[PDB]
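Notes for the one structure printed next.
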Amino acid sequence: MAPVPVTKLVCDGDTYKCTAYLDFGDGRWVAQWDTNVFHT
Amino acid sequence: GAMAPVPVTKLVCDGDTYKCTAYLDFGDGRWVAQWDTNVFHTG
Amino acid sequence: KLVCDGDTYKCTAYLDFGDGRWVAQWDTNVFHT
Ligand SMILES: [Zn+2]
Ligand SMILES: [Zn+2]
Ligand SMILES: [Zn+2]
Ligand SMILES: [Zn+2]
């Protein structure tokens, strides 16, 4: 396993992706996943 | 043109519905990103 | 607590609930910018 902290999480209503900036190595890694975006 | 991503102010995962919901820093605070998740006990 | 893993391609959120041993986990893409 290789779990590292997320430093900052953003999401994006025009790509329907959330992006997690990872605390690892040279700082250039992210995790990204697909999401639904809506008003509650 | 492209809209920059917005910060998430609050992340809640609901074990009842198998959804995580990220509250977005946008408009009136009622916008969310939501996705399906697995929920389990560690061990 | 929220962590992500480039080996398993999963992000994991540690939930406060109950005895603190529950997690939410989901599939992700992981890549270098
Ligand atoms: Zn965008
Ligand atoms: Zn509204
Ligand atoms: Zn907590
Ligand atoms: Zn337990």
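Chain labels run A, B, ... following the order of the structure tokens; each chain numbers its residues from 1, and ligands are numbered from 1 in the order shown.
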
Residues within 6 Å of ligand 1 (only C-alpha atoms and all ligand atoms), as a ChimeraX atom specification?
/A:12,14-15 /B:2-5

Write out as a PyMOL selection string which residues come within 9 Å of residue B:30 when counting only C-alpha atoms, dropping same-chain ones fewer than 6 positions away.
(chain A and resi 38-40) or (chain B and resi 23-24)

Please identify all residues of chain C having at least one atom at most 8 Å from any atom of chain A, considering only C-alpha atoms, and return them as number ranges by chain.
C: 1-8, 11, 27-33

Exercise answer, chain B residues close to chain A, 12 Å and only C-alpha atoms, as a PyMOL selection string:
chain B and resi 1-11+19-37

Do you know which residues are within 10 Å of ligand 3 using only C-alpha atoms and all ligand atoms? Can you write them as a count of residues only?
7

Hey, which residues come within 7 Å of ligand 4 if we count only C-alpha atoms and all ligand atoms? Could you give them as a list in words?
residues 41 of chain B; 19 and 21 of chain C

Since we have the selection now, will you write its residues out, keeping N, CA, C and O atoms, as an mmCIF file, in the first residue's frame?
```cif
data_model
loop_
_atom_site.group_PDB
_atom_site.id
_atom_site.type_symbol
_atom_site.label_atom_id
_atom_site.label_comp_id
_atom_site.auth_asym_id
_atom_site.auth_seq_id
_atom_site.Cartn_x
_atom_site.Cartn_y
_atom_site.Cartn_z
ATOM 1 N N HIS B 41 -15.203 -1.809 7.707
ATOM 2 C CA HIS B 41 -14.461 -1.731 8.954
ATOM 3 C C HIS B 41 -13.071 -2.199 8.689
ATOM 4 O O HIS B 41 -12.875 -3.199 7.992
ATOM 5 N N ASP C 19 -16.545 3.129 16.783
ATOM 6 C CA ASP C 19 -15.236 2.946 17.401
ATOM 7 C C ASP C 19 -14.084 3.522 16.596
ATOM 8 O O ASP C 19 -12.921 3.198 16.869
ATOM 9 N N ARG C 21 -13.194 2.900 13.548
ATOM 10 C CA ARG C 21 -12.552 1.926 12.667
ATOM 11 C C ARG C 21 -13.266 1.734 11.349
ATOM 12 O O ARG C 21 -12.976 0.795 10.634
#
```

Looking only at the backbone, which of the residues in chain C does DSSP tag as strand (DSSP E), as a PyMOL selection string?
chain C and resi 2-5+10-14+22-27+29-32

Output the selection as a compact mmCIF listing (two decimals), in the first residue's frame - N, CA, C and O atoms for each residue.
```txt
# COMPACT_ATOMS: atom_id res chain seq x y z
N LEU C 2 -8.12 12.19 5.35
CA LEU C 2 -8.27 11.71 3.97
C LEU C 2 -6.89 11.40 3.34
O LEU C 2 -5.99 12.25 3.32
N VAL C 3 -6.74 10.18 2.85
CA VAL C 3 -5.51 9.73 2.25
C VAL C 3 -5.78 9.14 0.89
O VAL C 3 -6.90 8.74 0.59
N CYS C 4 -4.77 9.10 0.04
CA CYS C 4 -4.92 8.46 -1.27
C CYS C 4 -3.67 7.65 -1.56
O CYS C 4 -2.63 7.90 -1.01
N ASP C 5 -3.82 6.65 -2.42
CA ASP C 5 -2.83 5.63 -2.57
C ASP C 5 -2.60 5.32 -4.07
O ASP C 5 -3.46 4.87 -4.75
N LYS C 10 -6.74 3.99 -4.69
CA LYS C 10 -7.90 4.23 -3.83
C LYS C 10 -7.64 5.43 -2.93
O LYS C 10 -6.50 5.66 -2.50
N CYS C 11 -8.70 6.20 -2.68
CA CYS C 11 -8.69 7.21 -1.65
C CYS C 11 -9.55 6.70 -0.51
O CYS C 11 -10.52 5.96 -0.74
N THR C 12 -9.17 7.08 0.70
CA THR C 12 -9.80 6.50 1.89
C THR C 12 -10.05 7.62 2.84
O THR C 12 -9.12 8.42 3.09
N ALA C 13 -11.27 7.68 3.35
CA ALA C 13 -11.61 8.67 4.37
C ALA C 13 -11.87 7.93 5.68
O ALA C 13 -12.66 6.99 5.68
N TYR C 14 -11.18 8.34 6.76
CA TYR C 14 -11.35 7.71 8.09
C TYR C 14 -12.54 8.38 8.68
O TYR C 14 -12.59 9.62 8.73
N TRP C 22 -14.15 2.65 10.99
CA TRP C 22 -14.86 2.55 9.73
C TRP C 22 -14.18 3.49 8.74
O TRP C 22 -13.74 4.61 9.12
N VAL C 23 -14.11 3.06 7.49
CA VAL C 23 -13.62 3.93 6.44
C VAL C 23 -14.57 3.93 5.26
O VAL C 23 -15.27 2.94 4.98
N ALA C 24 -14.53 5.04 4.54
CA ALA C 24 -15.08 5.15 3.20
C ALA C 24 -13.93 5.09 2.22
O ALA C 24 -12.92 5.75 2.42
N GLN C 25 -14.07 4.28 1.18
CA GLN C 25 -12.99 4.09 0.21
C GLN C 25 -13.54 4.04 -1.23
O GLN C 25 -14.56 3.39 -1.49
N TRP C 26 -12.85 4.71 -2.15
CA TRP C 26 -13.33 4.75 -3.52
C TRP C 26 -12.17 4.68 -4.47
O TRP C 26 -11.04 5.06 -4.12
N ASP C 27 -12.47 4.17 -5.67
CA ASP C 27 -11.56 4.08 -6.81
C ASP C 27 -11.15 5.47 -7.27
O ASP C 27 -11.95 6.38 -7.29
N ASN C 29 -8.20 7.82 -10.04
CA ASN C 29 -7.08 7.91 -10.95
C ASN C 29 -6.01 8.58 -10.16
O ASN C 29 -6.32 9.35 -9.23
N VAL C 30 -4.75 8.23 -10.43
CA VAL C 30 -3.63 8.87 -9.70
C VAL C 30 -2.59 9.09 -10.75
O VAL C 30 -2.24 8.15 -11.47
N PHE C 31 -2.11 10.32 -10.87
CA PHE C 31 -1.15 10.66 -11.91
C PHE C 31 -0.33 11.88 -11.54
O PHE C 31 -0.61 12.60 -10.56
N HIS C 32 0.70 12.11 -12.37
CA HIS C 32 1.72 13.12 -12.13
C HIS C 32 1.49 14.28 -13.09
O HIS C 32 1.20 14.04 -14.27
```

Taking only C-alpha atoms into account, produce a table as a tab-separated table in which each residue of chain B with an atom at most 7 Å from an atom of chain C appears once, together with its shortest atom pair and the distance in Å to one decimal, ordered by chain and rising number.
```
residue	atom	partner	partner_atom	distance
B:13	CA	C:24	CA	6.6
B:37	CA	C:26	CA	4.9
B:38	CA	C:25	CA	5.1
B:39	CA	C:24	CA	4.4
B:40	CA	C:22	CA	5.6
B:41	CA	C:22	CA	4.4
B:42	CA	C:21	CA	5.6
```
